[PDB]
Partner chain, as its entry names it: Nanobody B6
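First, one chain by itself: the form deposited without its partner chain, in structure tokens.
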């Protein structure tokens, strides 16, 4: 499980951030730790007609070296994965932060610093 709540893509543009932006605020992490990826999670449902459809994609953040793409190095090219890093982060895996157990931690509400650029529809 991600440490954070998702970003929902209500529009047609997939997620991306300008370099330096996009890492969720987490006061239980340090400057070196501010680096990772969002991963798209799509869900299907039965619509009100007889028919399966996609819900709006969700994008969940994971620290570098953790989560479903724990094996990927920063910048690796993969569909549904985008990368973010705050100025000064170390490009090292964040096993010390890891992923969340919902049994014993709520998700942290995803917040970005004042004035982050967001694609249309986030």
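Residue numbers count along the first chain shown, from 1.
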Higher mean Cα B-factor in the deposited model: 33 to 41 or 70 to 78? 70 to 78
What stretch has the higher average Cα B-factor here, 106 to 114 or 20 to 28? 106 to 114
According to the Cα B-factor stored in this entry, which of the following is highest: 84, 64, 89, 55? 89
In terms of the CA temperature factor given in the entry, to which third of its chain does residue 10 belong: lowest, middle or highest? middle
